[PDB]
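See structure below.
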Amino acid sequence: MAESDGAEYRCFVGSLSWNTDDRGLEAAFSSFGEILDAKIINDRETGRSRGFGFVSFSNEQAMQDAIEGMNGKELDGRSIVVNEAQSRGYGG
């Protein structure tokens, strides 16, 4: 099977803060399957969080059973949103 930038299991995770990082969303998603990455983004000059990033899985079943359950859950004291991040990442 072809794992490409068009055909990977990568999705967006919003909730994060000046207290939360990629480790904290990885620890909420690691219970579904084996993680490839998580990203947390801020302006490192300004000290200002975007408060989101991406999470990615080694398997599709883990991504889809997560997303269908994840809508409106609470991580690190904040309410979350989930959607796919493949086409916005590919830019096509």
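Lettering and numbering for the structure tokens are positional, with chains as A, B, ... in the shown order, residues counted from 1 in each chain, and ligands counted from 1 in the shown order.
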- Which residues, written as a list in words, have at least one atom at most 9 Å from stretch 42-50 of chain A, with only C-alpha atoms counted and residues fewer than 6 positions away on the same chain left out? residues 14, 16, 17 and 18 of chain A
- Taking the backbone alone, and naming residues the way the document does, which bits of stretch 24-75 of chain A are strand (DSSP E or B) by DSSP, as a PyMOL selection string? chain A and resi 35-38+42-43+48-49+52-57+74-75
- Give me the residues within 8 Å of residue A:11 as a ChimeraX atom specification, counting only C-alpha atoms and dropping any in the same chain fewer than 5 places off. /A:54-56,63,82-86
Using the selection just defined, write its residues with C-alpha atoms as a compact mmCIF listing (two decimals), in the first residue's frame.
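Full text of result-v1.txt as output:
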```txt
# COMPACT_ATOMS: atom_id res chain seq x y z
CA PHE A 54 -1.76 17.76 13.69
CA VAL A 55 -1.72 14.12 14.88
CA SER A 56 -0.82 11.12 12.63
CA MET A 63 -7.61 7.43 12.85
CA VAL A 82 -11.34 17.00 14.99
CA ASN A 83 -11.06 16.87 11.15
CA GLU A 84 -8.73 15.44 8.43
CA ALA A 85 -5.56 17.44 7.49
CA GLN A 86 -4.39 15.63 4.28
```
- Message: Can you tell me, as number ranges by chain, which residues in stretch 7-79 of chain A count as alpha helix (DSSP H) by DSSP?
- Response: A: 22-29, 60-70
- Query: Taking into account only C-alpha atoms, which residue in the set A:20, A:76, A:2, A:32 is nearest to residue A:61?
  - Reply: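 That would be A:32, the residue with the smallest distance to residue A:61.
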Cut-off 12 Å: closest stretch 1-82 of chain A/stretch 88-92 of chain A atom pairs per residue, using only C-alpha atoms, as a Markdown table:
```
| residue | atom | partner | partner_atom | distance |
| --- | --- | --- | --- | --- |
| A:4 | CA | A:90 | CA | 9.7 |
| A:5 | CA | A:90 | CA | 6.0 |
| A:6 | CA | A:90 | CA | 6.5 |
| A:7 | CA | A:90 | CA | 9.9 |
| A:8 | CA | A:90 | CA | 10.4 |
| A:9 | CA | A:89 | CA | 11.5 |
| A:10 | CA | A:89 | CA | 8.8 |
| A:11 | CA | A:89 | CA | 9.7 |
| A:12 | CA | A:88 | CA | 10.3 |
| A:53 | CA | A:89 | CA | 11.5 |
| A:54 | CA | A:89 | CA | 9.9 |
```
- Message: I need the residue nearest residue A:71 from this list: A:1, A:28, A:13, A:38. Use only C-alpha atoms for the distance.
- Response: A:13
